[PDB]
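K.L.:
Let me give you the structure first, and then I'll get to my questions.
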2 protein chains.
Amino acid sequence: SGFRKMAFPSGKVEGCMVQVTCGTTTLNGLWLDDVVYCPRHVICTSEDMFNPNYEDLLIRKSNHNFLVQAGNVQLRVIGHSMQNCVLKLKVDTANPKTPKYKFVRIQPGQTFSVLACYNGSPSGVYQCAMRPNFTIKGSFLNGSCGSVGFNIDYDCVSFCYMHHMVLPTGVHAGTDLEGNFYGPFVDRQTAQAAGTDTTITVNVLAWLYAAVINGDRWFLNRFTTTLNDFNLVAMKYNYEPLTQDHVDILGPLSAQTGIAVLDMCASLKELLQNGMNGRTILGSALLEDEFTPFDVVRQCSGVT
Amino acid sequence: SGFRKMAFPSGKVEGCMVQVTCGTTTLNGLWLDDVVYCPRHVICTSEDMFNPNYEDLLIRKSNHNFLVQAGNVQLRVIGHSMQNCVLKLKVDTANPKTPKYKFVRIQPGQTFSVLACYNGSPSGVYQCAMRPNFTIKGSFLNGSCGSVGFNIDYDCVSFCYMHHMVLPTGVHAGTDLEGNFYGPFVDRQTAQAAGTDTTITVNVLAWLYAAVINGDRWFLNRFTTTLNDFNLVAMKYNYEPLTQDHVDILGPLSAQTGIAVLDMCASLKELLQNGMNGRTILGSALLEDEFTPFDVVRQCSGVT
């Protein structure tokens, strides 16, 4: 019973967070095997961030200029490289706590847990979605850079996100663990705009199915709709177009509730055109889009 | 920047979750030092749960009837006792992962993180408040009993909650780690009602201060109010009365924003009487009350 925005257990990732310090700048790094991953702008000052030539800045650095600290164990650096927007510091000590892990580049609309950190130490954990416009709505302060987002599948930690920048807009931008930014963003303090965000339609439908599973049915209607007629309504409300793949992905939920996807879409149509009329769905007065169909299945079936 | 409902890092608690199995029933237990804590109704069948005589049921059990499994390490039971509504199973192996920990009984309105589990394995983590009526709005399935709620202060895990029951109402009830229920609830499948819930007024004000810190100011007004006149409005809207202790607790936030508490209370008065008029505050269309003044300070200052 009940439905909550739920993060993955963060233990496996806590054992991997280290404090990285080049010069005056200190941010978080991710220590896996004998390599430490961190934002490359750790080698920058606030003055350099206006327009840094990263190659020229890194060439002034040597292994001994990088101070990695895992709690109390000071790691020794024996190699350094720049992969895209991340630094790869080779160290002498392999992390004894290295989990089974993968690096993955998620797609917009997918979710992941963020372990927010400061000075290599964990502060908290929260779930978030990669927005269609490749931003995330997180909670990051100065020095939280290097905090990572991840999913856990049984035994394996799939790292998918590393935090780099807070935009003037207040939204957050970052890279995969290969250092390739999500979205058009760059790691410098220049004027950067995110672009039009849209609502993740497939996730809203998943969350409506979640609401039915938990007893909230007041939005279920007799009407139905066509995938092409719904998308005419969605586009009006800046909802991402619903594809047939999305419909197929909702199949498991449609079967568990005996509600056809297109019947659920018709209910959403009504909600978009007329609103909630003061009611709530799963304790929310807005349509929630940070739950994937898999997030709903996971939480509604007790995946371990 | 940004404000999220944030759970504590759950690593320290993951290392403590074990699978407890008496007879057919299996639920989660908490393994600290050489003792395992779990709901006493693990010794019950669904038939016994109607009206169990727990003393008589436990007296039919011996140490060898309790199957504790920590991942793959099967612990040997060498003692068993009933403290209030929890069982204390003495085992031969001390948990090598036992953190510095305390048991605490929280007060209504305080928050804590829940590590939801199934079969002794962690599923996810989420933050929640002890409602004024001593329920919690969580996410629990069959077998999630024994999942625990906790806070972390620097090095110490303060365990404050263990999940026992899902009420017919859909809300969740549980005990402290001494086995004393929060609220009037009992561990049997009888008719139980939670009683009138109210909104945690001090938390809403904290969250309004959070909104100011993050750029949302559209609700700040010129008016002020009296503590006694505000509570006349609060009582009408089933908001808990605001005491002077609450005002003092908000002092740190009032200082960081230059907004007097009673000026913030006047803004809330307006929000309660006129609503949000379609606007949002920190991405929510309802007034949020699961953030304590300390939760806001923690997340707005990057506590590690």
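Simple scheme: letters A, B, ... for chains in structure tokens order, numbers from 1 for residues in each chain, numbers from 1 for ligands in the order shown.
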Least-squares superpose chain B onto chain A - every C-alpha atom, paired in order - and show me the moved coordinates as a compact mmCIF listing (two decimals) with C-alpha atoms, in the first residue's frame.
P.N.:
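File written: selection-v3.txt
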# COMPACT_ATOMS: atom_id res chain seq x y z
CA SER B 1 0.00 0.00 0.00
CA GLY B 2 1.05 3.60 -0.59
CA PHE B 3 3.23 5.11 -3.31
CA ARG B 4 6.35 7.18 -2.67
CA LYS B 5 9.11 8.72 -4.75
CA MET B 6 11.73 6.15 -3.82
CA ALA B 7 15.50 6.21 -4.22
CA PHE B 8 17.69 3.15 -4.55
CA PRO B 9 19.63 2.11 -1.44
CA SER B 10 22.78 4.20 -1.62
CA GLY B 11 25.21 2.02 0.35
CA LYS B 12 27.10 0.66 -2.65
CA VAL B 13 27.74 4.20 -3.88
CA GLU B 14 28.69 5.69 -0.50
CA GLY B 15 31.74 3.44 -0.36
CA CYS B 16 32.84 5.00 -3.66
CA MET B 17 32.65 8.72 -2.87
CA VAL B 18 35.99 10.48 -2.37
CA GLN B 19 37.13 14.08 -1.92
CA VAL B 20 39.11 15.47 -4.86
CA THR B 21 41.13 18.67 -4.44
CA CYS B 22 43.20 20.39 -7.13
CA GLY B 23 44.62 23.71 -5.97
CA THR B 24 41.94 25.56 -4.02
CA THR B 25 38.97 23.80 -5.65
CA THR B 26 37.47 20.77 -3.89
CA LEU B 27 34.66 18.62 -5.29
CA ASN B 28 33.44 15.04 -5.12
CA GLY B 29 34.94 12.17 -7.06
CA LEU B 30 33.88 8.59 -7.75
CA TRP B 31 36.48 5.93 -6.91
CA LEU B 32 36.06 2.67 -8.84
CA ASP B 33 38.81 0.05 -9.13
CA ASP B 34 42.05 2.13 -9.33
CA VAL B 35 40.52 5.19 -11.03
CA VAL B 36 38.85 8.33 -9.67
CA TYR B 37 36.27 10.17 -11.81
CA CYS B 38 35.43 13.83 -11.20
CA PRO B 39 34.38 16.95 -13.12
CA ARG B 40 37.30 18.30 -15.11
CA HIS B 41 36.55 21.83 -13.89
CA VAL B 42 38.09 20.87 -10.55
CA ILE B 43 41.30 22.24 -12.12
CA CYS B 44 39.62 25.63 -12.59
CA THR B 45 39.25 28.66 -10.37
CA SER B 46 36.06 30.73 -10.44
CA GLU B 47 38.02 33.13 -12.66
CA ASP B 48 39.03 30.37 -15.09
CA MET B 49 35.42 29.22 -15.40
CA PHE B 50 34.49 32.16 -17.65
CA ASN B 51 36.28 30.63 -20.66
CA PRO B 52 38.76 27.91 -19.64
CA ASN B 53 41.11 26.27 -22.11
CA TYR B 54 40.97 22.95 -20.29
CA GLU B 55 43.84 21.38 -22.25
CA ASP B 56 46.15 24.26 -21.33
CA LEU B 57 45.03 24.20 -17.69
CA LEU B 58 45.49 20.44 -17.31
CA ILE B 59 48.93 20.60 -18.94
CA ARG B 60 50.06 22.80 -16.04
CA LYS B 61 49.06 20.03 -13.58
CA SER B 62 51.01 16.96 -12.48
CA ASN B 63 49.90 13.88 -10.56
CA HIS B 64 51.12 15.42 -7.30
CA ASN B 65 48.80 18.42 -7.75
CA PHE B 66 45.68 16.23 -7.32
CA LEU B 67 44.74 15.52 -3.69
CA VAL B 68 42.32 12.58 -3.47
CA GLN B 69 41.09 11.68 0.03
CA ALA B 70 38.86 8.66 0.74
CA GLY B 71 37.67 9.46 4.25
CA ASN B 72 41.07 9.18 5.93
CA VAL B 73 42.97 7.13 3.30
CA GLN B 74 44.92 9.60 1.15
CA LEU B 75 45.25 8.00 -2.29
CA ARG B 76 48.42 8.42 -4.35
CA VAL B 77 47.93 9.56 -7.96
CA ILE B 78 50.04 7.80 -10.59
CA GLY B 79 48.26 8.94 -13.74
CA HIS B 80 45.86 11.57 -15.06
CA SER B 81 43.81 11.99 -18.22
CA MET B 82 40.91 14.03 -19.57
CA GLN B 83 38.06 12.08 -21.15
CA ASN B 84 35.59 14.63 -22.54
CA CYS B 85 34.45 16.63 -19.50
CA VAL B 86 35.69 14.24 -16.78
CA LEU B 87 39.13 13.64 -15.30
CA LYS B 88 40.37 10.07 -14.84
CA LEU B 89 42.96 9.99 -12.04
CA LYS B 90 44.84 6.69 -11.85
CA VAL B 91 45.62 5.88 -8.20
CA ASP B 92 47.74 3.21 -6.54
CA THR B 93 44.96 1.81 -4.32
CA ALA B 94 42.03 -0.10 -5.79
CA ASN B 95 38.82 0.62 -3.90
CA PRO B 96 38.08 -2.52 -1.82
CA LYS B 97 34.42 -1.43 -1.87
CA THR B 98 34.11 -1.31 -5.67
CA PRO B 99 30.69 -2.78 -6.54
CA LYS B 100 29.78 -4.57 -9.72
CA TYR B 101 29.18 -1.49 -11.85
CA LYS B 102 28.48 -0.29 -15.37
CA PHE B 103 28.55 3.10 -17.05
CA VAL B 104 25.36 3.85 -18.98
CA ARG B 105 23.97 6.83 -20.88
CA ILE B 106 20.27 7.06 -19.99
CA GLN B 107 17.59 8.49 -22.26
CA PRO B 108 15.34 11.46 -21.44
CA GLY B 109 12.39 10.40 -19.31
CA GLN B 110 14.33 7.73 -17.44
CA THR B 111 14.84 8.00 -13.69
CA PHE B 112 17.80 7.52 -11.37
CA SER B 113 18.87 8.12 -7.78
CA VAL B 114 21.25 10.95 -6.88
CA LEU B 115 23.61 10.66 -3.91
CA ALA B 116 24.27 14.31 -3.05
CA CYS B 117 27.66 14.85 -1.42
CA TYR B 118 29.94 17.57 -0.08
CA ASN B 119 33.70 17.14 0.43
CA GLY B 120 33.49 13.48 -0.52
CA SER B 121 30.87 12.74 2.16
CA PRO B 122 27.24 11.77 1.47
CA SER B 123 24.51 14.23 2.45
CA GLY B 124 21.32 12.58 1.16
CA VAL B 125 19.61 10.65 -1.60
CA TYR B 126 16.71 11.52 -3.89
CA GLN B 127 15.10 10.22 -7.09
CA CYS B 128 14.90 12.33 -10.21
CA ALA B 129 14.15 12.15 -13.91
CA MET B 130 16.27 13.17 -16.88
CA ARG B 131 13.95 15.86 -18.25
CA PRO B 132 13.13 15.82 -21.97
CA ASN B 133 15.36 18.92 -22.22
CA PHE B 134 18.22 17.00 -20.54
CA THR B 135 18.21 18.99 -17.29
CA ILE B 136 17.40 17.63 -13.84
CA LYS B 137 15.56 19.30 -10.96
CA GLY B 138 17.83 18.37 -8.08
CA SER B 139 19.24 19.84 -4.86
CA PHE B 140 22.85 20.97 -5.29
CA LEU B 141 24.97 23.48 -3.37
CA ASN B 142 28.49 24.74 -3.98
CA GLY B 143 30.80 21.74 -3.80
CA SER B 144 28.14 19.14 -4.63
CA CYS B 145 29.73 18.84 -8.08
CA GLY B 146 30.86 15.29 -8.73
CA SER B 147 27.78 13.80 -7.06
CA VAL B 148 26.54 10.94 -9.23
CA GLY B 149 23.21 9.48 -10.30
CA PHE B 150 22.70 5.76 -10.62
CA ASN B 151 20.34 2.82 -10.91
CA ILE B 152 20.74 -0.58 -9.23
CA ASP B 153 19.73 -3.81 -11.01
CA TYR B 154 20.08 -6.73 -8.58
CA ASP B 155 23.84 -6.67 -7.96
CA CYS B 156 25.09 -4.05 -10.43
CA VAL B 157 25.26 -0.27 -9.98
CA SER B 158 24.62 1.44 -13.32
CA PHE B 159 26.16 4.89 -13.03
CA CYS B 160 24.45 7.28 -15.44
CA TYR B 161 24.98 10.85 -14.24
CA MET B 162 27.63 13.13 -12.74
CA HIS B 163 26.71 16.67 -11.70
CA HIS B 164 28.72 19.55 -13.16
CA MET B 165 26.84 22.85 -13.36
CA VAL B 166 24.04 24.94 -11.92
CA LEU B 167 22.70 27.08 -14.76
CA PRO B 168 21.64 30.72 -14.26
CA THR B 169 18.15 29.27 -14.66
CA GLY B 170 18.51 27.31 -11.41
CA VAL B 171 18.30 23.94 -13.21
CA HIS B 172 21.15 21.42 -13.11
CA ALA B 173 23.24 19.94 -15.91
CA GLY B 174 25.79 17.16 -16.00
CA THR B 175 27.41 14.35 -17.93
CA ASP B 176 27.48 10.58 -18.21
CA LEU B 177 30.47 8.85 -16.64
CA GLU B 178 32.31 9.16 -19.95
CA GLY B 179 32.12 12.95 -19.59
CA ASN B 180 29.62 13.63 -22.38
CA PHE B 181 27.09 16.24 -21.29
CA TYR B 182 23.41 15.47 -21.37
CA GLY B 183 21.91 18.20 -23.53
CA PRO B 184 23.60 21.17 -25.21
CA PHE B 185 25.35 22.35 -22.05
CA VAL B 186 29.05 23.13 -21.58
CA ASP B 187 31.24 23.35 -18.47
CA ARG B 188 31.85 27.09 -18.39
CA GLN B 189 30.09 30.00 -16.65
CA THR B 190 28.52 31.41 -19.81
CA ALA B 191 24.92 32.20 -20.68
CA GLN B 192 23.17 28.86 -21.22
CA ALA B 193 19.45 28.20 -21.65
CA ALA B 194 17.84 24.79 -21.24
CA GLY B 195 15.12 25.03 -23.89
CA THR B 196 11.46 24.12 -23.77
CA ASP B 197 10.74 21.42 -21.22
CA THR B 198 7.84 19.05 -21.79
CA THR B 199 6.04 16.54 -19.61
CA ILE B 200 6.96 12.85 -19.87
CA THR B 201 3.59 11.54 -21.01
CA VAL B 202 4.41 7.85 -20.59
CA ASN B 203 5.45 8.48 -16.97
CA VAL B 204 2.23 10.36 -16.14
CA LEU B 205 0.26 7.37 -17.43
CA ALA B 206 2.38 5.01 -15.34
CA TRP B 207 1.58 7.16 -12.29
CA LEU B 208 -2.13 7.10 -13.11
CA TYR B 209 -1.86 3.30 -13.18
CA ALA B 210 -0.06 3.52 -9.84
CA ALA B 211 -3.02 5.53 -8.53
CA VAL B 212 -5.51 2.86 -9.64
CA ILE B 213 -3.46 0.11 -7.98
CA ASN B 214 -3.63 2.10 -4.73
CA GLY B 215 -7.36 2.85 -4.75
CA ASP B 216 -7.52 6.23 -6.50
CA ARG B 217 -9.97 5.81 -9.39
CA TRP B 218 -11.94 9.08 -9.55
CA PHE B 219 -10.30 10.01 -12.88
CA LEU B 220 -11.19 6.81 -14.76
CA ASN B 221 -13.71 7.63 -17.49
CA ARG B 222 -15.92 5.81 -19.97
CA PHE B 223 -14.46 7.64 -22.97
CA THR B 224 -11.59 6.28 -25.04
CA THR B 225 -9.36 8.00 -27.59
CA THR B 226 -6.99 7.39 -30.48
CA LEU B 227 -3.22 7.63 -30.14
CA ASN B 228 -3.33 10.28 -32.87
CA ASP B 229 -6.19 12.26 -31.29
CA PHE B 230 -4.59 12.17 -27.83
CA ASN B 231 -1.29 13.51 -29.15
CA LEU B 232 -3.23 16.44 -30.63
CA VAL B 233 -4.26 17.26 -27.06
CA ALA B 234 -0.82 16.47 -25.62
CA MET B 235 1.01 18.81 -27.99
CA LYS B 236 -1.30 21.62 -26.85
CA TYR B 237 -0.22 21.03 -23.22
CA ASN B 238 3.52 20.55 -23.92
CA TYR B 239 3.27 16.82 -23.29
CA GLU B 240 5.77 14.67 -25.15
CA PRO B 241 4.14 12.66 -27.98
CA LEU B 242 3.05 9.16 -26.95
CA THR B 243 4.48 6.49 -29.24
CA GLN B 244 3.45 2.88 -29.75
CA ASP B 245 6.60 1.80 -27.90
CA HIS B 246 5.27 3.73 -24.91
CA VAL B 247 1.94 1.90 -25.23
CA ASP B 248 3.75 -1.44 -25.31
CA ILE B 249 5.85 -0.46 -22.28
CA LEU B 250 2.63 0.19 -20.35
CA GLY B 251 1.30 -3.27 -21.26
CA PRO B 252 2.27 -4.90 -17.96
CA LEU B 253 0.46 -2.13 -16.06
CA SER B 254 -2.54 -2.27 -18.40
CA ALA B 255 -2.82 -6.01 -17.73
CA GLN B 256 -2.53 -5.73 -13.94
CA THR B 257 -5.41 -3.22 -13.81
CA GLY B 258 -7.66 -4.30 -16.68
CA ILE B 259 -7.57 -0.77 -18.10
CA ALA B 260 -6.55 -0.35 -21.73
CA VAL B 261 -3.76 2.17 -22.28
CA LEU B 262 -5.90 4.21 -24.66
CA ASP B 263 -8.66 4.29 -22.04
CA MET B 264 -6.12 5.67 -19.57
CA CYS B 265 -5.01 8.19 -22.21
CA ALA B 266 -8.62 9.37 -22.49
CA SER B 267 -8.73 9.93 -18.73
CA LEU B 268 -5.53 11.99 -18.97
CA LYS B 269 -7.04 13.98 -21.85
CA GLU B 270 -9.90 14.94 -19.52
CA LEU B 271 -7.48 15.83 -16.72
CA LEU B 272 -5.47 18.07 -19.06
CA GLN B 273 -8.53 19.82 -20.50
CA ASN B 274 -10.54 20.24 -17.28
CA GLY B 275 -7.98 19.87 -14.48
CA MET B 276 -8.42 18.08 -11.17
CA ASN B 277 -11.26 20.32 -9.89
CA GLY B 278 -9.64 20.51 -6.46
CA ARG B 279 -9.06 16.77 -6.05
CA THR B 280 -5.72 15.02 -5.52
CA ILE B 281 -4.14 11.91 -7.02
CA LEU B 282 -1.76 10.00 -4.74
CA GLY B 283 -1.63 13.07 -2.52
CA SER B 284 -0.62 15.43 -5.33
CA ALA B 285 -2.51 18.32 -6.93
CA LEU B 286 -0.41 18.17 -10.13
CA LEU B 287 0.20 15.45 -12.70
CA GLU B 288 3.43 13.66 -11.76
CA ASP B 289 5.89 12.59 -14.45
CA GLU B 290 9.00 11.38 -12.59
CA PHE B 291 7.82 7.74 -12.35
CA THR B 292 8.64 5.37 -15.20
CA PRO B 293 6.50 2.30 -15.94
CA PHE B 294 9.34 0.26 -14.42
CA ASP B 295 9.48 2.44 -11.30
CA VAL B 296 5.79 1.73 -10.75
CA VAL B 297 6.18 -2.02 -11.29
CA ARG B 298 9.23 -2.09 -9.00
CA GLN B 299 7.49 -0.34 -6.11
CA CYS B 300 4.16 -2.13 -6.62
CA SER B 301 5.74 -5.62 -6.59
CA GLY B 302 8.53 -5.22 -4.01
CA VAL B 303 11.64 -5.75 -6.13
CA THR B 304 14.72 -6.47 -4.01
K.L.:
Please extract the residues of stretch 4-150 of chain A with a backbone DSSP assignment of alpha helix (DSSP H) and present them as a list in words.
P.N.:
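Selection result, alpha helix (DSSP H) within stretch 4-150 of chain A: residues 11, 12, 13, 14, 54, 55, 56, 57, 58 and 59 of chain A.
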K.L.:
With N, CA, C and O atoms retained, write the just-selected residues as a JSON list (two decimals), in the first residue's frame.
P.N.:
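Final output, saved to part14.json:
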[["chain", "number", "residue", "atom", "x", "y", "z"],
["A", 11, "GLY", "N", 24.01, 2.53, -0.30],
["A", 11, "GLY", "CA", 25.21, 2.02, 0.35],
["A", 11, "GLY", "C", 26.34, 1.74, -0.61],
["A", 11, "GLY", "O", 27.48, 2.16, -0.39],
["A", 12, "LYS", "N", 26.05, 1.03, -1.70],
["A", 12, "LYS", "CA", 27.10, 0.66, -2.65],
["A", 12, "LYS", "C", 27.82, 1.87, -3.21],
["A", 12, "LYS", "O", 29.01, 1.79, -3.53],
["A", 13, "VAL", "N", 27.13, 3.00, -3.33],
["A", 13, "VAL", "CA", 27.74, 4.20, -3.88],
["A", 13, "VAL", "C", 28.48, 5.01, -2.82],
["A", 13, "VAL", "O", 29.47, 5.68, -3.13],
["A", 14, "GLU", "N", 28.01, 4.97, -1.57],
["A", 14, "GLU", "CA", 28.69, 5.69, -0.50],
["A", 14, "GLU", "C", 30.15, 5.25, -0.41],
["A", 14, "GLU", "O", 31.06, 6.09, -0.36],
["A", 54, "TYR", "N", 40.72, 24.03, -21.23],
["A", 54, "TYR", "CA", 40.97, 22.95, -20.29],
["A", 54, "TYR", "C", 42.28, 22.23, -20.60],
["A", 54, "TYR", "O", 43.00, 21.82, -19.69],
["A", 55, "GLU", "N", 42.59, 22.04, -21.89],
["A", 55, "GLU", "CA", 43.84, 21.38, -22.25],
["A", 55, "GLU", "C", 45.03, 22.13, -21.67],
["A", 55, "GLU", "O", 45.93, 21.54, -21.07],
["A", 56, "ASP", "N", 45.04, 23.46, -21.84],
["A", 56, "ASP", "CA", 46.15, 24.26, -21.33],
["A", 56, "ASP", "C", 46.20, 24.24, -19.80],
["A", 56, "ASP", "O", 47.28, 24.24, -19.21],
["A", 57, "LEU", "N", 45.04, 24.23, -19.15],
["A", 57, "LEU", "CA", 45.03, 24.20, -17.69],
["A", 57, "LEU", "C", 45.51, 22.86, -17.15],
["A", 57, "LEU", "O", 46.28, 22.81, -16.18],
["A", 58, "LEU", "N", 45.07, 21.76, -17.77],
["A", 58, "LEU", "CA", 45.49, 20.44, -17.31],
["A", 58, "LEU", "C", 46.98, 20.22, -17.55],
["A", 58, "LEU", "O", 47.64, 19.53, -16.76],
["A", 59, "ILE", "N", 47.52, 20.79, -18.63],
["A", 59, "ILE", "CA", 48.93, 20.60, -18.94],
["A", 59, "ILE", "C", 49.82, 21.25, -17.89],
["A", 59, "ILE", "O", 50.99, 20.87, -17.76]]
K.L.:
Residues of stretch 71-304 of chain B classed as strand (DSSP E or B) by DSSP on the backbone are to be reported as a ChimeraX atom specification.
P.N.:
/B:73-75,77-83,86-91,101-103,111-118,121-129,136,148-153,156-166,172-175,181,199,239,281,284
